[PDB]
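Shown here: target.csv, CSV, C-alpha atoms.
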```csv
chain,number,residue,atom,x,y,z
A,1,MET,CA,86.0,92.1,106.3
A,2,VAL,CA,89.5,91.7,105.0
A,3,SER,CA,90.1,93.3,101.5
A,4,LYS,CA,91.5,91.7,98.4
A,5,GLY,CA,94.8,93.6,98.1
A,6,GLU,CA,95.3,93.7,101.9
A,7,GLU,CA,95.4,89.9,102.0
A,8,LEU,CA,98.5,89.9,99.8
A,9,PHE,CA,100.5,91.6,102.6
A,10,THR,CA,99.6,89.5,105.7
A,11,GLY,CA,103.0,87.7,105.7
A,12,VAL,CA,106.6,88.4,104.6
A,13,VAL,CA,106.8,89.4,101.0
A,14,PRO,CA,109.9,89.4,98.8
A,15,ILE,CA,110.8,92.7,97.2
A,16,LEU,CA,112.7,93.5,94.0
A,17,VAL,CA,113.6,97.1,93.1
A,18,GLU,CA,115.1,98.1,89.7
A,19,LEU,CA,116.0,101.7,88.8
A,20,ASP,CA,117.4,103.1,85.6
A,21,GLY,CA,118.7,106.6,86.1
A,22,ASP,CA,120.2,109.5,84.1
A,23,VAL,CA,121.3,112.6,86.0
A,24,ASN,CA,122.9,115.3,83.8
A,25,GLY,CA,123.8,112.5,81.4
A,26,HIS,CA,125.4,110.4,84.1
A,27,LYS,CA,123.7,107.0,83.5
A,28,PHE,CA,123.4,104.4,86.2
A,29,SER,CA,121.4,101.4,87.3
A,30,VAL,CA,120.4,100.2,90.8
A,31,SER,CA,119.0,96.8,91.8
A,32,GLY,CA,117.6,96.1,95.3
A,33,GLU,CA,116.4,93.0,97.1
A,34,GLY,CA,114.8,92.2,100.4
A,35,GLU,CA,111.6,91.7,102.2
A,36,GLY,CA,108.6,93.6,103.5
A,37,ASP,CA,106.3,92.7,106.5
A,38,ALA,CA,103.4,95.2,106.4
A,39,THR,CA,102.0,93.8,109.6
A,40,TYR,CA,104.9,95.6,111.3
A,41,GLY,CA,105.5,98.2,108.6
A,42,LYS,CA,109.0,96.7,108.2
A,43,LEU,CA,111.3,96.8,105.2
A,44,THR,CA,114.8,95.2,105.0
A,45,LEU,CA,116.6,95.9,101.7
A,46,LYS,CA,120.0,96.0,100.1
A,47,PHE,CA,120.6,98.1,97.0
A,48,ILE,CA,123.6,97.7,94.6
A,49,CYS,CA,124.7,100.1,91.9
A,50,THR,CA,125.2,97.6,89.1
A,51,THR,CA,126.9,100.1,86.7
A,52,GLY,CA,129.9,101.0,89.0
A,53,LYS,CA,130.0,104.2,91.1
A,54,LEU,CA,126.7,105.8,91.9
A,55,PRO,CA,126.9,109.4,90.5
A,56,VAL,CA,124.6,110.8,93.1
A,57,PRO,CA,124.5,110.3,96.9
A,58,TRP,CA,122.6,107.2,98.0
A,59,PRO,CA,120.4,109.3,100.4
A,60,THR,CA,118.9,111.2,97.5
A,61,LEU,CA,117.5,108.0,96.1
A,62,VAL,CA,115.9,106.6,99.3
A,63,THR,CA,112.4,108.0,98.7
A,64,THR,CA,112.4,106.8,95.1
A,65,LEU,CA,113.6,103.3,95.9
A,67,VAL,CA,107.0,100.9,98.4
A,68,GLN,CA,104.5,102.6,100.6
A,69,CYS,CA,102.3,99.5,100.2
A,70,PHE,CA,104.3,98.1,103.1
A,71,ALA,CA,103.0,100.7,105.5
A,72,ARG,CA,101.4,99.4,108.7
A,73,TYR,CA,97.8,100.7,108.6
A,74,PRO,CA,96.0,100.5,111.9
A,75,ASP,CA,92.9,98.4,111.9
A,76,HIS,CA,90.7,101.5,112.3
A,77,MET,CA,92.4,103.1,109.1
A,78,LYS,CA,92.4,100.1,106.8
A,79,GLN,CA,89.7,101.7,104.5
A,80,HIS,CA,92.3,104.4,103.8
A,81,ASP,CA,95.1,102.2,102.4
A,82,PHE,CA,95.1,103.1,98.7
A,83,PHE,CA,98.5,101.4,98.1
A,84,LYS,CA,97.5,97.8,99.0
A,85,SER,CA,94.0,98.3,97.4
A,86,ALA,CA,95.6,98.7,94.0
A,87,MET,CA,97.3,95.3,94.2
A,88,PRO,CA,98.1,92.9,92.6
A,89,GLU,CA,97.7,95.0,89.4
A,90,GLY,CA,99.6,97.8,91.1
A,91,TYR,CA,100.0,101.6,90.8
A,92,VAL,CA,102.1,104.1,89.0
A,93,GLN,CA,104.0,106.4,91.3
A,94,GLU,CA,105.3,109.7,89.8
A,95,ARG,CA,107.4,112.4,91.5
A,96,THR,CA,109.2,115.6,90.9
A,97,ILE,CA,111.9,116.2,93.5
A,98,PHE,CA,113.3,119.7,93.5
A,99,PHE,CA,116.7,120.1,95.1
A,100,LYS,CA,116.9,123.6,96.4
A,101,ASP,CA,119.5,125.7,94.6
A,102,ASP,CA,120.2,122.7,92.4
A,103,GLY,CA,118.6,120.3,89.9
A,104,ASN,CA,115.5,118.1,89.9
A,105,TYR,CA,114.6,114.5,89.7
A,106,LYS,CA,111.6,113.3,87.8
A,107,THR,CA,110.6,109.7,88.5
A,108,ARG,CA,108.1,107.3,87.2
A,109,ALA,CA,107.7,103.9,88.8
A,110,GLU,CA,105.3,100.9,88.6
A,111,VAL,CA,104.8,99.0,91.8
A,112,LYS,CA,103.0,95.7,91.3
A,113,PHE,CA,103.2,92.0,92.0
A,114,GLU,CA,105.1,89.6,89.7
A,115,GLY,CA,103.9,86.3,91.2
A,116,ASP,CA,104.7,86.4,94.9
A,117,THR,CA,107.3,89.2,94.5
A,118,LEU,CA,106.5,92.9,95.0
A,119,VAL,CA,108.4,94.7,92.3
A,120,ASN,CA,109.2,98.5,92.1
A,121,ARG,CA,110.5,99.3,88.6
A,122,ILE,CA,111.6,103.0,88.3
A,123,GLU,CA,112.9,105.4,85.7
A,124,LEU,CA,114.7,108.4,87.1
A,125,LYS,CA,115.7,111.5,85.1
A,126,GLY,CA,117.7,114.3,86.7
A,127,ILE,CA,118.4,117.7,85.0
A,128,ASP,CA,119.9,121.1,85.8
A,129,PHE,CA,122.3,119.9,88.5
A,130,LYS,CA,125.4,121.7,89.4
A,131,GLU,CA,128.4,119.6,88.6
A,132,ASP,CA,130.1,120.7,91.9
A,133,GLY,CA,126.9,121.0,93.9
A,134,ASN,CA,125.9,118.9,96.9
A,135,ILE,CA,124.4,116.1,94.7
A,136,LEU,CA,126.9,115.6,91.9
A,137,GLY,CA,129.7,116.7,94.2
A,138,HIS,CA,128.8,114.0,96.8
A,139,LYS,CA,128.6,116.4,99.8
A,140,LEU,CA,125.7,114.7,101.6
A,141,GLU,CA,126.1,112.7,104.8
A,142,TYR,CA,125.0,109.1,105.0
A,143,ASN,CA,122.4,109.5,107.7
A,144,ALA,CA,119.2,108.0,109.1
A,145,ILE,CA,116.1,109.6,107.5
A,146,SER,CA,112.8,110.1,109.4
A,147,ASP,CA,109.6,112.0,108.4
A,148,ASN,CA,105.8,112.3,108.3
A,149,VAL,CA,104.2,112.5,104.9
A,150,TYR,CA,100.6,113.9,104.5
A,151,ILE,CA,98.6,111.7,102.0
A,152,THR,CA,95.5,113.1,100.3
A,153,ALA,CA,93.1,111.7,97.8
A,154,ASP,CA,93.3,112.8,94.2
A,155,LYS,CA,89.7,111.9,93.4
A,156,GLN,CA,89.8,113.0,89.7
A,157,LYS,CA,92.8,110.7,89.0
A,158,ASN,CA,91.4,107.9,91.2
A,159,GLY,CA,94.5,108.0,93.3
A,160,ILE,CA,96.5,109.9,95.9
A,161,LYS,CA,98.8,112.8,96.1
A,162,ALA,CA,101.4,114.1,98.5
A,163,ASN,CA,104.0,116.8,98.9
A,164,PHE,CA,106.7,116.7,101.5
A,165,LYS,CA,110.2,117.9,102.3
A,166,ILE,CA,113.3,115.9,102.9
A,167,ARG,CA,116.2,117.7,104.5
A,168,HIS,CA,119.5,116.0,103.7
A,169,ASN,CA,122.4,116.9,106.0
A,170,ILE,CA,125.4,118.4,104.1
A,171,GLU,CA,129.0,117.6,105.3
A,172,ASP,CA,129.5,121.2,106.4
A,173,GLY,CA,126.6,121.1,108.8
A,174,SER,CA,124.0,122.7,106.6
A,175,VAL,CA,120.8,121.3,104.9
A,176,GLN,CA,120.1,120.3,101.3
A,177,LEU,CA,116.3,120.5,100.9
A,178,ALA,CA,114.6,118.1,98.5
A,179,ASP,CA,110.9,119.2,97.9
A,180,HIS,CA,108.9,116.2,96.8
A,181,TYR,CA,105.6,116.3,94.8
A,182,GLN,CA,104.0,112.9,94.3
A,183,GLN,CA,101.0,111.4,92.4
A,184,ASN,CA,99.9,107.8,92.3
A,185,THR,CA,97.3,106.2,90.1
A,186,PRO,CA,96.1,102.6,89.7
A,187,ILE,CA,97.4,100.5,86.9
A,188,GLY,CA,94.3,98.3,86.7
A,189,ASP,CA,90.6,99.3,86.2
A,190,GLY,CA,89.5,97.7,89.5
A,191,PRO,CA,88.2,99.5,92.6
A,192,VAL,CA,90.6,101.2,94.9
A,193,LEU,CA,90.4,102.9,98.3
A,194,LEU,CA,90.6,106.7,98.1
A,195,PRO,CA,91.7,107.9,101.6
A,196,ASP,CA,90.8,110.7,103.9
A,197,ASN,CA,93.7,112.9,104.8
A,198,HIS,CA,96.3,111.0,106.9
A,199,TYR,CA,100.1,110.6,107.5
A,200,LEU,CA,102.7,108.0,106.8
A,201,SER,CA,105.5,108.2,109.4
A,202,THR,CA,108.8,106.6,108.1
A,203,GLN,CA,112.1,105.9,109.8
A,204,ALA,CA,115.0,104.7,107.7
A,205,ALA,CA,118.4,103.6,108.9
A,206,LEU,CA,121.2,103.5,106.3
A,207,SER,CA,124.2,101.2,106.6
A,208,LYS,CA,126.9,99.3,104.8
A,209,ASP,CA,127.7,95.6,104.3
A,210,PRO,CA,131.3,95.2,105.4
A,211,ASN,CA,131.8,92.3,102.9
A,212,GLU,CA,130.3,94.2,99.9
A,213,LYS,CA,132.8,95.7,97.4
A,214,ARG,CA,130.2,97.1,95.0
A,215,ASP,CA,128.7,100.6,95.7
A,216,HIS,CA,125.7,99.8,97.8
A,217,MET,CA,123.2,100.8,100.5
A,218,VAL,CA,121.6,98.6,103.2
A,219,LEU,CA,118.3,100.0,104.5
A,220,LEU,CA,116.1,99.1,107.5
A,221,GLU,CA,112.8,101.1,107.3
A,222,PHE,CA,109.6,101.3,109.3
A,223,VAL,CA,106.5,102.9,107.8
A,224,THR,CA,103.3,103.5,109.9
A,225,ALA,CA,100.0,105.2,109.0
A,226,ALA,CA,98.5,107.6,111.5
A,227,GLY,CA,96.4,110.8,111.9
A,228,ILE,CA,92.9,109.4,111.9
```

Produce structure tokens that represent the structure in this file.
Amino acid sequence: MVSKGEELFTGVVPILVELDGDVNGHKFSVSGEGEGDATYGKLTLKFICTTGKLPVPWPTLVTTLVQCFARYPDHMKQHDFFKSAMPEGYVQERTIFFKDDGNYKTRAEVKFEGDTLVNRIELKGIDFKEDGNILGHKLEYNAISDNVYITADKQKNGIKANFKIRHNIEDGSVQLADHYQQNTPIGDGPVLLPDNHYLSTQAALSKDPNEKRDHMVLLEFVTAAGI
């Protein structure tokens, strides 16, 4: 039978994202809007830096800026922790270690506000090099594609993951971003704790030619696999 949280995602769902950030004391805010259609694993979003110039590269924020929109195959629907936690939601925490540079620590709450799926994030970055690849804006604005291994965190009644993002640098090299993630439910209701599996994500980054604010347009597809 079709689960409680899963039912909230059968159509197109409006999304709001809000991030407050502080990287080496450079404070900024980002707002995003768009839609998710989990039946196809499909996200369409536009993000705006509401405080002026973004002090870090947009690509470094992509993973922080809603795995609840993954397409889970029918035979894997008992492994979808993310939708099971809805509408009350989940806390998503990460540490992102940029090799030979600083780290982000993020804490987000992902939940419904009425019909809208909201991702509210606080991001703190420390120990960055002021002329490194991040604060020096040396990263290319590229498509991002990966496969993240999700595991149960039974003691926290949630999930964990660790994965690498390799950001292309303008000189042809790679800036590694090592991600460590833990998610836990906000409410006290039952959730689905998954067997080991993957989320495969493809993200295309673009610009709105009519937009004068610092911004990012994102088209993303997210699909579960590996069972």

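Minimum atom-to-atom distances from A:135, A:200, A:12, A:118 to residue 152 of chain A were compared using all atoms listed in the file, and the lowest value belongs to A:200.
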
Judged by only C-alpha atoms, the minimum distance to residue 146 of chain A among A:109, A:194, A:62, A:217 is found for A:62

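Among A:15, A:2, A:166, A:97, the residue with the shortest atom-to-atom distance to residue 35 of chain A, counting all atoms listed in the file, is A:15.
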
Residue 75 of chain A proximity check over A:30, A:160, A:1, A:175, using all atoms listed in the file: winner is A:1

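Atom to atom, atom CA of residue 117 of chain A and atom CA of residue 163 of chain A stand 28.1 Å apart.
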
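Atom CA of residue 153 of chain A to atom CA of residue 205 of chain A spans 28.8 Å [interatomic distance, one decimal].
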
List as a ChimeraX atom specification: which residues have an atom within 12 Å of (117.6, 97.2, 108.4), counting all atoms listed in the file? /A:34-36,42-47,144,203-209,217-222

Can you spit out the residues from that selection as an mmCIF file, in the coordinates of the input, using C-alpha atoms?
```
data_model
loop_
_atom_site.group_PDB
_atom_site.id
_atom_site.type_symbol
_atom_site.label_atom_id
_atom_site.label_comp_id
_atom_site.auth_asym_id
_atom_site.auth_seq_id
_atom_site.Cartn_x
_atom_site.Cartn_y
_atom_site.Cartn_z
ATOM 1 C CA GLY A 34 114.800 92.200 100.400
ATOM 2 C CA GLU A 35 111.600 91.700 102.200
ATOM 3 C CA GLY A 36 108.600 93.600 103.500
ATOM 4 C CA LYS A 42 109.000 96.700 108.200
ATOM 5 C CA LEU A 43 111.300 96.800 105.200
ATOM 6 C CA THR A 44 114.800 95.200 105.000
ATOM 7 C CA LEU A 45 116.600 95.900 101.700
ATOM 8 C CA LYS A 46 120.000 96.000 100.100
ATOM 9 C CA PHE A 47 120.600 98.100 97.000
ATOM 10 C CA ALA A 144 119.200 108.000 109.100
ATOM 11 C CA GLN A 203 112.100 105.900 109.800
ATOM 12 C CA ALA A 204 115.000 104.700 107.700
ATOM 13 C CA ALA A 205 118.400 103.600 108.900
ATOM 14 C CA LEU A 206 121.200 103.500 106.300
ATOM 15 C CA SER A 207 124.200 101.200 106.600
ATOM 16 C CA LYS A 208 126.900 99.300 104.800
ATOM 17 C CA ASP A 209 127.700 95.600 104.300
ATOM 18 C CA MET A 217 123.200 100.800 100.500
ATOM 19 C CA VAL A 218 121.600 98.600 103.200
ATOM 20 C CA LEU A 219 118.300 100.000 104.500
ATOM 21 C CA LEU A 220 116.100 99.100 107.500
ATOM 22 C CA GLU A 221 112.800 101.100 107.300
ATOM 23 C CA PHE A 222 109.600 101.300 109.300
#
```

With distances taken over only C-alpha atoms, the candidate from A:116, A:110, A:101, A:81 nearest residue 130 of chain A is A:101

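In this model, the gap between atom CA of residue 56 of chain A and atom CA of residue 17 of chain A comes to 17.6 Å.
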
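With all atoms listed in the file as the atoms that count, the minimum distance from residue 176 of chain A to the choices A:19, A:151, A:140, A:145 is reached by A:140.
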
task: Please provide the set of residues having any atom within 6 Å of residue 127 of chain A, restricted to all atoms listed in the file, with same-chain residues fewer than 4 positions apart removed, written as a PyMOL selection string.
output: chain A and resi 23-24+103-104

Leaving out residue 177 of chain A and any residue of its chain fewer than 3 positions from it, which residues lie within 8 Å of it when counting all atoms listed in the file, given as number ranges by chain?
A: 99-100, 165-168

| request: Name the residues within 8 Å of (131.2, 112.9, 93.8), counting only C-alpha atoms in the file's coordinates, and put them as an MDAnalysis selection string. | output: chainID A and resid 55:57 135:139

List as CSV every residue of segment 55-168 of chain A that is in contact with segment 180-192 of chain A, defined as an atom at most 7 Å from one of its atoms (using all atoms listed in the file), together with the nearest atom pair and the distance in Å rounded to one decimal, sorted by chain and then rising number.
```
residue,atom,partner,partner_atom,distance
A:82,CA,A:192,CA,6.2
A:85,CA,A:192,CA,5.1
A:86,CA,A:192,CA,5.7
A:89,CA,A:188,CA,5.5
A:90,CA,A:187,CA,5.5
A:91,CA,A:186,CA,4.2
A:92,CA,A:185,CA,5.4
A:93,CA,A:184,CA,4.4
A:94,CA,A:183,CA,5.3
A:95,CA,A:182,CA,4.4
A:96,CA,A:181,CA,5.4
A:97,CA,A:180,CA,4.5
A:98,CA,A:180,CA,6.5
A:157,CA,A:185,CA,6.5
A:158,CA,A:185,CA,6.2
A:159,CA,A:185,CA,4.6
A:160,CA,A:184,CA,5.4
A:161,CA,A:183,CA,4.5
A:162,CA,A:182,CA,5.1
A:163,CA,A:181,CA,4.4
A:164,CA,A:180,CA,5.2
A:165,CA,A:180,CA,5.9
```
